[PDB]
Amino acid sequence: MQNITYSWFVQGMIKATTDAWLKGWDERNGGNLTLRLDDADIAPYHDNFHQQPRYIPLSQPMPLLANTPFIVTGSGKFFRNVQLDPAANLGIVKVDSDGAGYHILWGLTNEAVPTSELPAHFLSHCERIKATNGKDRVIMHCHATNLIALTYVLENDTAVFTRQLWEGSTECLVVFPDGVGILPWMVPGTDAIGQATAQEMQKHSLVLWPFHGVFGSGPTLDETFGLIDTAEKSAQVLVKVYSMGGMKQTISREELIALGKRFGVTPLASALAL
Amino acid sequence: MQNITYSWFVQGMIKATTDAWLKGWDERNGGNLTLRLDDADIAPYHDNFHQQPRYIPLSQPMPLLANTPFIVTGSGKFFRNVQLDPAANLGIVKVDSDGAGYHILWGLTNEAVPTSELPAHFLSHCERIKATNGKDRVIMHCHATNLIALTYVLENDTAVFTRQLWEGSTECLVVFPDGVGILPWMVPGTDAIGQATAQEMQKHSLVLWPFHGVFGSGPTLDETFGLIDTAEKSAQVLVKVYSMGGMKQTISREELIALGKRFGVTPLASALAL
Amino acid sequence: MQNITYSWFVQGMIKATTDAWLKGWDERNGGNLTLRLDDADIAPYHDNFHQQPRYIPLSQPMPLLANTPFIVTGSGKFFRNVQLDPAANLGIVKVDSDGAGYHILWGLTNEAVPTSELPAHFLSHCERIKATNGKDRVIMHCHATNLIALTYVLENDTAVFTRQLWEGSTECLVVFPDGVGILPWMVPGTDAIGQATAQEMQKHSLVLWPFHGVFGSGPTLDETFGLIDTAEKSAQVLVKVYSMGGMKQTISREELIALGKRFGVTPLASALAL
Amino acid sequence: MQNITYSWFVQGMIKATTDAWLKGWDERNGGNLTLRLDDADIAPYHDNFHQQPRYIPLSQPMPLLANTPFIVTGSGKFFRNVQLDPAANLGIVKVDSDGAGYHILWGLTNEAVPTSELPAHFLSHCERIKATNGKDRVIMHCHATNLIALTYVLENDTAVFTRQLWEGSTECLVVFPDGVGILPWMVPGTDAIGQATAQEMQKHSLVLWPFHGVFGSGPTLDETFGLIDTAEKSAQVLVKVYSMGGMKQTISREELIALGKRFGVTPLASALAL
Amino acid sequence: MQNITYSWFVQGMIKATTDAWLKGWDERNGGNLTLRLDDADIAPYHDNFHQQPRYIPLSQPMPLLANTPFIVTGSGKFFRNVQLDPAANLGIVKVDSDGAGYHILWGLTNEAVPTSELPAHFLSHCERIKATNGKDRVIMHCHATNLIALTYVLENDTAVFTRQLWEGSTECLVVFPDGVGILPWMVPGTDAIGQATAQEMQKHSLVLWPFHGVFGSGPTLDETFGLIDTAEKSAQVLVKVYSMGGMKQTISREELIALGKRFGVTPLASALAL
Amino acid sequence: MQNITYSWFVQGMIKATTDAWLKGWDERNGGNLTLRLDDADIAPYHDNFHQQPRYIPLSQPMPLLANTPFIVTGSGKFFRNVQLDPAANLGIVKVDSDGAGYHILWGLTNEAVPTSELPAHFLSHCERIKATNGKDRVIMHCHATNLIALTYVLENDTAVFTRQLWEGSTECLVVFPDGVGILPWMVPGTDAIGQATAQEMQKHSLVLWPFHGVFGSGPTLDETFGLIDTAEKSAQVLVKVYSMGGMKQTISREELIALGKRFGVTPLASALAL
Amino acid sequence: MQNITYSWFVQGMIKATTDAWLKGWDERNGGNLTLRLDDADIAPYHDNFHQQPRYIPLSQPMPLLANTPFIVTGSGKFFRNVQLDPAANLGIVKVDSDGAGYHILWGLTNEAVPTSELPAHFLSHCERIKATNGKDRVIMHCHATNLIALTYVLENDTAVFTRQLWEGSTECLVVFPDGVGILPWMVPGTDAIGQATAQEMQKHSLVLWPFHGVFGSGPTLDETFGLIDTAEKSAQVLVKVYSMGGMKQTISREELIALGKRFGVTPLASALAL
Ligand SMILES: [Zn+2]
Ligand SMILES: [Zn+2]
Ligand SMILES: [Zn+2]
Ligand SMILES: [Zn+2]
Ligand SMILES: [Zn+2]
Ligand SMILES: [Zn+2]
Ligand SMILES: [Zn+2]
C-alpha cells in the first residue's frame, strides 16, 4: 500500500498548518488542529502504524467518540515544521472502545504526544457533531492576529463582537450567521477552558479566547481554515478602520437582515438586534 | 561523503536566517546569529575544513569557550543571501585552547570575517551557559519590527515592558517568565554594549536594544527563533491595540499568576507586581 | 559556456526585482532598475547576443558613458514577471563609443525597449560615478510603501526627513550618513524631474519623490536594495510609532553624533541642528 | 522555505551517485539513476519549478506512469559532479496524464536532458511496479567493476551466474533470492535492450549486461545501492578466488537451501538445482 | 548534561563502523559491532534514555551479563549510515538483573532492534570476559574481503590458516599469538553459530566464518578494529602472493619462534608446529 | 570580484589533479595538466595578477599559440598538494603575441616554473587544435595504474591494444573510436618523445607510453579526465580478466561494428581486422 | 604567537601519517615517522613546550645528533589517529648536548613515548646525514602492501629486486638510482635489525624488510613519502603483471642505461648485469 504520509488527510494537515504559519497566525507552537477521520480513511495504512501504539488515558470519558480516529498536531510543535517532518509533528490517534483514552497509531515520534488543548478539542468536536449532525469534522485553533488585537478594544460580548465582525466584511453574516462566541479570559490547556469552549461550540462555529486566539469548527480543512480566515479578514479591516478614527458608515441592520434573507440564513438575534 | 553544506547545523542556520528575512526583521545586513556546536558535529566534515585556518585574535580572552566550535553569520552579510551561498555568508570558527582567539575552519570565503558583534555574542554565550548550565547554545540578534517600534512609546523599563509583552499574548509569560531586559540606547558594536547585554543575559533570555533590535538566547535554533517570534508577535498585537486607542481589558495580574502556576513557572516578580 | 540567463548579473536583476515585488514596492509597472556592467562581464556571452543588435539614439548624449554596458528593466514591464521571462523583461544595452546612443545586445524581446527613464538613470549614474569615483553602479527606483506614506505627514525637507529616518533605526545614520534628499512633487518622466534628481544624487545616495517613491544608488544590487530596504524599514517603524501617538523617547542628537564618530562617518550637519 | 536542493530525495540522489563514484563504478558518465517520487514529495517546492516546463515526447507511451514524478540523472552527466551542482546534473520530470511524454519541472539546466537510458528505466519501473506491487521505486545502472570482469569468465547463464554470486558471500541468497538475470550482449540505448531488461526485471531485481554493467531495482536508494553493492562484493571475492586458482570449498546446495529456509525466502530453483 | 550522541563510546562506534565501511568490509548491512560499557559510562546520560525503554527477551539466559550495558549496531542497518544517524543505527541496551533479556535505553529509534548476530556476540563476550579476565570489551564482525576470499582456497584448518596469516605479515604472530579459529560454514544469525563462535572465543581473539566474514574481540574499539585490520592486511598480502604463483620464500618456523620469544608471547602450538 | 582561486578553471584544475591523486595515478610528482583558456576567462581577475609578470622564453616558438593563456601544473609539484596551495602548484601563463615565450601572470610562487613538459604539451595542443578545429583545450598526463600494467603484457601495437580496451568496456569504442596510440618506450622529457606523442595526437586522443603512463586530450577537464578514466577502467577490468585466465567470451568484432554504427562513429579500421 | 598544532611540521606529520593510513600501509600501529628539525623551527613555540621536559637516556650516544630536535610518532600509536589528536600521537624531542638522551619538549601526552624504534631511526638518520651531506631529514617505515607481497615471490636480493622495481615504472631509476637494499628477515625491534638497516642506508635511500615493510629516507616529508609511494606504485604494477602471467615486454637494460645517462644519474651497476 501507499505510504500514509502521502494520504489526503496528512497532506491536508500539512497544507492547513503551513498556510496558517505563512498567515502569521502561529508563532512558535501557538495553535493546534484536529481532524476527525473515518475507519476507512486509515484502514488502508495499517502497515504504517506503530507496532506497539502508545496509549494515553483521557481527561474525562467521551463515549460519543469511542473508536473514532483523528489526525492531530503535537503538543509544543511548530506549525512551521509540519510540512517537512509530518510524523514528528502530527499524530493519528484513535479513541478506544469506550472513549476512555486513545492509542497513537501513527506519528508523534520521539515520545511526542497530542496537543495540550486536546481535551478542548474533543469536547468541541462532540458538541459540533450533535449540533451539525455529524457534518463538522475539524477543530482548529490559531492565534489570528487582528482577532486577538480586537479582544483588547471591543467589549468582550458575543452579540457586540459578532455584529462588528459581520460589519467588517459583507459575507461574514453568510459565513458565520450563528455568530462568534466570546469566553472570558481563562487559563489555557485546561479541562475548564475546554468545557466552556465546547459549550460555546453548541451555539457557534467560532469561539474567541480573549488575549489569546480563535477556535473554529467546520466540515473540512478548507472550510474551517476559510471560516477563521474570513473572521480574521474582517477583524483586519476593523483594526484599520478603528485606527483611522472609526466607522463613518457601515452595513445597516436592515441591510444585514436583507443579506440574511437573501442567502436564506438566520442571523444570531442578539447580534442582529443591535 | 556528504558536504558540510548539507549538515543539520548549516541547514538550520539557513532556515533561521531565511525565516527572519521573510519576517522582515533583517533588512540589509542587520542582525546576526551564532550557534555553539560540539566537536562531534563537525568531526565528520574534516575534509571540508580550510587547510590552514585563518586565525583571528579575540579582543577579550574567553577561556570558558576554549576549544569550542561555532557556526556564525558573517560581517556585512545579508540574511537574505544565506540560503543562496552558505559558505560565503556563514563560517565555522573554533576558539583556541585558551580562548584567546579562533580559527576559521570553514566558510567566510573571499576573506570575509564573523559578525562584528561576535565578541558580544561570545560574552552572552558565556553568561547563558552558566545561567542555564550549558543548555542554551544560540544567540540571535535581529531587528524585530514591532518590538523596535514599541521601544519608542513604552517606558524603557524591564518590568513595564515585560508586563505589556506578557499581556500581548497569553503564551508569553510561559515562554519567557524571566521577562525581557531593556538596556538604555547604546552605540552598537562596542565592548560596552556587549558587556551590558551579557549582564542582562544573566537574568533574561531576551534583551531589547531601544531603537535598534532584540537579542535572544535558547537551546536550539527553533526555540530561540520561536522565543523572539513570540515576543515580536505580542509586540505586533500591542502595536495594533495602542493604535486603536489602548487596552479596554487585558489579562489580570491574578490571571497572569494563575497562568504561571498552571505551567510550573515563576514569573519575574517585578513584572507581576505591576 | 553557461547561458547568460545564469550569469551573476541577470540572476541579480531577477533577485532584486522579485524581492522588490514581494515587498509590495512595485505594483503594476511601477519602478525600474539599471546596473552598470564591465565589458568583461558580458564578454563570455557573445554566443547569446543578438546577431543584428538594435540601435536606439539617446536624446542627450552621454559621452562619459561611452562604450559602457548596462543591464536594464524594460518599459511597461512588471517587476513581478522578470522571473517568469528575463529576456522579455530585461535587456543588456551598450552605449556606443561617443555616447550618442546604445545597442540592445540581449533581451528586450518582442520589440520591448528599456525603461522610458533610461535617460534619467544615465544622468544619475553619471553624477554618482563622479561623486563616488566610479564605485556606484546601480540606480534603483521603486514605490517603497512606508517611505511614500511618510511624505504625506512629514515636512518634505531633506534635514527634517533625514533626521526622522536616522531615528527610526540605529543603523540608518551609518548606512546613509549623507542623508536623504527630498524633491518637491514633480510630473514623472520629465527631463526636469530627472535633472533635479541627478542634482540631489550629487549629495545623497537616496532621493525621495513625494507621494510617489524613492530613488537609490549604490555599488552593487544588494547594497542599493539594502540601502532602500533600510530606509523603508525605518519608515515602517516610524509609521507605527506615529500611529501610536508619536515618540515618547528616541535616539538623542548627541547619541547620533556619537554613533557617527564611532563608525567614522560624518552625518549631514543640517539634520543635527534642526 | 527550504530549497529543493536540500530535500531528502535530492540529497539521496547526491549520496547514491557520490558513493557509486567513490566505488569506482561510474567512470565518466557511465551509469544512471532514476527514483520514482510521489506528488507529495515535490509539492512543497512548487516555487523551485520551471515556469514553463520543457516537454519531451516519450517514444513508447507509458500510461502506467501517468502523472508520476521522478528525479533522474542527466544525459552526458558525471556521477562525480552530482554533489557539486545538483540542478545541473539532476532533473525532476513528471509524466503527463496519458504517459505520452514528460515535463522537466526542475534541474537539467542549460538545456540538459534526462539520461538517454530513461525509456529503458521507465520500462523496468513498470515491470517492477507490477512485480513488487508498487514497492520498488528505484532503477539504478552502473559499471560495477568485478561484476563486469566476471561476465568475461563465467558462463553468461542466469542459473550459473546466480549460483556463483550466492556462493561469493553468505548474505547474497537472502539479499537476492530471485537471482540475477543475464542478458546476451546488446547494443546499449536501444529499445531492444530496454525491452529485454524490463523482461528480466519481471523475474529478477538484478540484471547483468555482459561486458558493460549491472541494472538494479529496489524500494529505496539505499536498498538498491545496497543490493548492487552486495552482488559486486561477492563478485569481488570471486575474482580474487578465481585469480588464486578457484574454489577448494564453498557453500553447499543443502547449506544454501538451509539458509533459504532460515530467512524465510525461496531461492531461484534453477540456481539451487546446480 | 551533555547529549549522549557526543559521548566517547557513541563517537567511537561511529568511527569504527565508518572506517570499516571505507575499508570495503561492510556492504549493505553486512557486519555488526557490540561494545561492553560500565554503568558509570551511561549514568551521566540518564535524561537521554527513552522514557519507556523497550524490553526484549534473550535467546538463552546469560547471568554473567546481568545488569551489563552495551552499545550495539542495529539489525539490518548500514555501517555507512551510522555516522550521520547514530540513534537510528545504534542502540544502548542493558541486560536485566538476571540476564534474561535487555532494555533498549537509547537509540534504535523507529522499532529498530539490536543486530541479528547478537546472541553470538553476547556468548563470545562472556567467554572473552573469562578468558581475558574482564579485559576484552568489544566484539566486532565484518566481511573482511581478503580473509573471506582465502576461506575458499586455504584448508579451513585453524593451525593451517593461522600459520599462513602469521606468515603474511611479520607482526601477526605478535598481534594474535593465540591464532585464528576457523568454524565450518554454518547458517548465520543462529544460537548455534553463536555457540560455536563463543567456544572458539575461549581459545582465540579471532574467529573466521567461511564464505562469510570474521569475528574479533579486544579491549577497545581501536585494538579490536586493529586486530581485524592486521589479519585482513596479511590476508590481502597472501591473496596477491597466491595470485602470483605462491610463496618462493617466507618466514621460517624457527623465525616465527624467535619472534614469539622476543615479544614474550607463546604462539599457538599446532599452528607453530607446521 | 571573487578571488581567482574560486574561478571555474582554478577549481577545475584542483578537482582534476586531486581526483587523479585519489585514483593512484599520480605518485610523487608524476603527471601534469595544462588547460587552454580564453582571455575573457582570466580578464575579470586583473586584480589577482602579478604586478611584474615573469617572462620565460620558449625554446621552440609556438606562433599558433600567440597571446594564448593556459593554466598549468608546476614542475616538481605534487598533484596531491594542488589542493593545499593552488597558487604554489598551479600557474596561469600567457604566450606573447609572437609565440616566442610566455608571462607567468598568476601562481607558481616561490619561483616555481611550469611543468618542464610545457613545451611538449604546447606541441600537442597545437596538433589537437588542428585535429579538432580548436575544440580540444586540455592535455593530461598521468600514471594510470592498470593501463601501465597492461603495457607489460599486451602487444604494444595501436590496433591490438585499442581492440582490447574497446572490449574491456562497452562504451570505450564510443568514447575513443579513433583508438589509442602506443609509442615504443622512450626517455621522458626529450623533444623526441614530445614530437612522437604529438604525431600520435594527430590521429588519437589517447596515447600510451609503455611502462610509464598515458597521455590524453579533450575539450574540457572533465572530458579529458573522463576519457582517461574510461580507458583505465577498461584496463582495470582486463587486468582482472587476464588474472583469472583470460576471456571466455567478449564483445564480437561484428558487435563492435554495430555499436559504432548505432552511435554514428567510425572505429579505427585496423583494430577490427587483426 | 601561533599554536604549534598549525606549524608546518606538525601539519606535515599529520598529512604524511594520514595519507599512509589511507593508502593501507599502516594497519593498527604499524609504521613510524621521524623528521629532523632545526631549532629555528620549534623556537617560536617554546611557549607550548612542557614546562619540565621528560628526559630519556638513549641506548648509545650519538654526538652527530647533539642538540638536534625531531618530531616523531609515538610508541603503540595508530597512524589513523594522528589527525584526531596530534599531541597524543606525536612528540617533539631534542637530543642533548652529547647525544646521551633527549627531552620530550611537546606532545606524547598521557605518558606516551616515541616509537620504540627511535634509536634505529637515529642510527639511520646519522648514516643518511653523512651519506647525503646533511640533506636527508626523514626516516619513514610503513607496511607498503605490494612491496611486502613481492618479498614472497622475488629473490630477496638487492640487485634483482632493484631491477624489477626500476622496470615497474619508468621513473623509478631516476627516483632511486642507488637501488633498494633488501635485508634478510630479522626480528623487529632488535639492535641487529637497526644496525643492519643503518648499514644499508649508507648505500640506499630505500630498504626492504622481507615479509614486513619498507624503510625510506629523504630530505622532506613529501620527498620521502614520495620515494616510498613511487616504489610501492612500481610494486603495485609488478603484482598485476606477475598475476597476469609475467612480463611480455619491459624496459631494456640499454634503455635503463639511456634513462640514467639522460637524467645524469649513475644506476646501481649490479642491477644492470644480472
Ligand atoms: Zn493557543
Ligand atoms: Zn543590529
Ligand atoms: Zn515610479
Ligand atoms: Zn552503462
Ligand atoms: Zn555477517
Ligand atoms: Zn610521467
Ligand atoms: Zn613494521
# chains A, B, ... in the order shown; residues from 1 in each chain; ligands from 1
>>> calpha_fit_rmsd(fixed="chain E", moving="chain B")
0.4 Å
>>> residues_near_ligand(ligand="ligand 6", cutoff="8 Å", atoms="only C-alpha atoms and all ligand atoms", output="PDB file with N, CA, C and O atoms, in the first residue's frame")
ATOM      1  N   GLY F  30      54.629  12.662 -10.327  1.00  0.00           N
ATOM      2  CA  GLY F  30      54.253  12.096 -11.610  1.00  0.00           C
ATOM      3  C   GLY F  30      53.019  12.756 -12.207  1.00  0.00           C
ATOM      4  O   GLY F  30      52.045  13.018 -11.490  1.00  0.00           O
ATOM      5  N   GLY F  31      53.067  13.034 -13.511  1.00  0.00           N
ATOM      6  CA  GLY F  31      51.937  13.629 -14.211  1.00  0.00           C
ATOM      7  C   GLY F  31      51.950  15.139 -14.335  1.00  0.00           C
ATOM      8  O   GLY F  31      52.720  15.826 -13.662  1.00  0.00           O
ATOM      9  N   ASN F  32      51.093  15.657 -15.206  1.00  0.00           N
ATOM     10  CA  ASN F  32      50.976  17.093 -15.405  1.00  0.00           C
ATOM     11  C   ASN F  32      49.666  17.400 -16.127  1.00  0.00           C
ATOM     12  O   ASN F  32      49.061  16.511 -16.729  1.00  0.00           O
ATOM     13  N   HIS F 141      48.571  14.165 -18.589  1.00  0.00           N
ATOM     14  CA  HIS F 141      49.416  13.006 -18.477  1.00  0.00           C
ATOM     15  C   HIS F 141      49.414  12.520 -17.045  1.00  0.00           C
ATOM     16  O   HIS F 141      49.576  13.305 -16.121  1.00  0.00           O
ATOM     17  N   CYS F 142      49.215  11.225 -16.861  1.00  0.00           N
ATOM     18  CA  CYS F 142      49.216  10.650 -15.532  1.00  0.00           C
ATOM     19  C   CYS F 142      49.664   9.200 -15.650  1.00  0.00           C
ATOM     20  O   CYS F 142      49.781   8.666 -16.753  1.00  0.00           O
ATOM     21  N   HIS F 143      49.910   8.575 -14.510  1.00  0.00           N
ATOM     22  CA  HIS F 143      50.348   7.191 -14.491  1.00  0.00           C
ATOM     23  C   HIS F 143      49.196   6.258 -14.148  1.00  0.00           C
ATOM     24  O   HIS F 143      49.136   5.707 -13.058  1.00  0.00           O
ATOM     25  N   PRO F 188      61.790   9.878 -21.091  1.00  0.00           N
ATOM     26  CA  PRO F 188      60.877  11.003 -20.901  1.00  0.00           C
ATOM     27  C   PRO F 188      61.623  12.328 -20.897  1.00  0.00           C
ATOM     28  O   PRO F 188      62.841  12.361 -20.724  1.00  0.00           O
ATOM     29  N   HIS F 212      55.109   3.462 -18.415  1.00  0.00           N
ATOM     30  CA  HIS F 212      55.167   4.810 -17.891  1.00  0.00           C
ATOM     31  C   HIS F 212      53.812   5.444 -17.606  1.00  0.00           C
ATOM     32  O   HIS F 212      53.464   5.670 -16.448  1.00  0.00           O
ATOM     33  N   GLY F 213      53.044   5.746 -18.646  1.00  0.00           N
ATOM     34  CA  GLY F 213      51.753   6.347 -18.400  1.00  0.00           C
ATOM     35  C   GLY F 213      50.891   6.555 -19.623  1.00  0.00           C
ATOM     36  O   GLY F 213      51.084   5.920 -20.666  1.00  0.00           O
ATOM     37  N   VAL F 214      49.929   7.461 -19.489  1.00  0.00           N
ATOM     38  CA  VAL F 214      49.009   7.755 -20.569  1.00  0.00           C
ATOM     39  C   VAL F 214      48.995   9.250 -20.839  1.00  0.00           C
ATOM     40  O   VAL F 214      49.357  10.065 -19.983  1.00  0.00           O
TER      41      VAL F 214
ATOM     42  N   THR G 170      58.854   3.672 -15.272  1.00  0.00           N
ATOM     43  CA  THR G 170      59.945   4.403 -15.890  1.00  0.00           C
ATOM     44  C   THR G 170      60.768   5.312 -14.993  1.00  0.00           C
ATOM     45  O   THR G 170      61.996   5.339 -15.091  1.00  0.00           O
ATOM     46  N   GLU G 171      60.120   6.042 -14.101  1.00  0.00           N
ATOM     47  CA  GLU G 171      60.854   6.968 -13.259  1.00  0.00           C
ATOM     48  C   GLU G 171      61.553   6.404 -12.024  1.00  0.00           C
ATOM     49  O   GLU G 171      62.317   7.109 -11.361  1.00  0.00           O
TER      50      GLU G 171
END
>>> select_by_dssp(residues="range 2-60 of chain G", states="helix (DSSP H, G or I)", output="PyMOL selection string")
chain G and resi 4-6+8-23+39-48
>>> select_by_dssp(residues="range 136-221 of chain A", states="strand (DSSP E)", output="list in words")
residues 138, 139, 140, 141, 142, 180, 181, 182, 206, 207, 208, 209, 213, 214, 215, 216, 217 and 218 of chain A
>>> write_last_selection(atoms="C-alpha atoms", output="short mmCIF file (atom, residue, chain, number, x, y, z; two decimals), in the first residue's frame")
data_model
loop_
_atom_site.label_atom_id
_atom_site.label_comp_id
_atom_site.auth_asym_id
_atom_site.auth_seq_id
_atom_site.Cartn_x
_atom_site.Cartn_y
_atom_site.Cartn_z
CA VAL A 138 -12.46 19.82 12.06
CA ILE A 139 -11.45 21.81 15.11
CA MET A 140 -8.81 24.46 14.54
CA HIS A 141 -7.13 26.82 16.94
CA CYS A 142 -4.69 29.54 15.98
CA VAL A 180 -18.95 34.26 17.31
CA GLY A 181 -18.85 33.19 20.94
CA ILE A 182 -16.56 35.15 23.28
CA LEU A 206 -16.38 30.22 16.06
CA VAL A 207 -15.18 30.92 19.63
CA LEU A 208 -12.79 33.63 20.79
CA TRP A 209 -10.33 33.30 23.69
CA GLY A 213 -6.76 33.23 19.92
CA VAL A 214 -9.65 31.74 18.00
CA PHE A 215 -11.31 28.34 17.90
CA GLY A 216 -13.09 27.20 14.74
CA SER A 217 -15.12 24.21 13.58
CA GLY A 218 -16.14 23.07 10.15
#
>>> residues_around(residues="residue 163 in chain F", least_positions_apart="5", cutoff="12 Å", atoms="only C-alpha atoms", output="PyMOL selection string")
chain F and resi 154-158+168-170+172-173+176-181+231+234-235+238+250-253+256-257+267-274
>>> interface_residues(of="chain G", to="chain B", cutoff="9 Å", atoms="only C-alpha atoms", output="VMD selection string")
chain G and resid 2 to 3 6
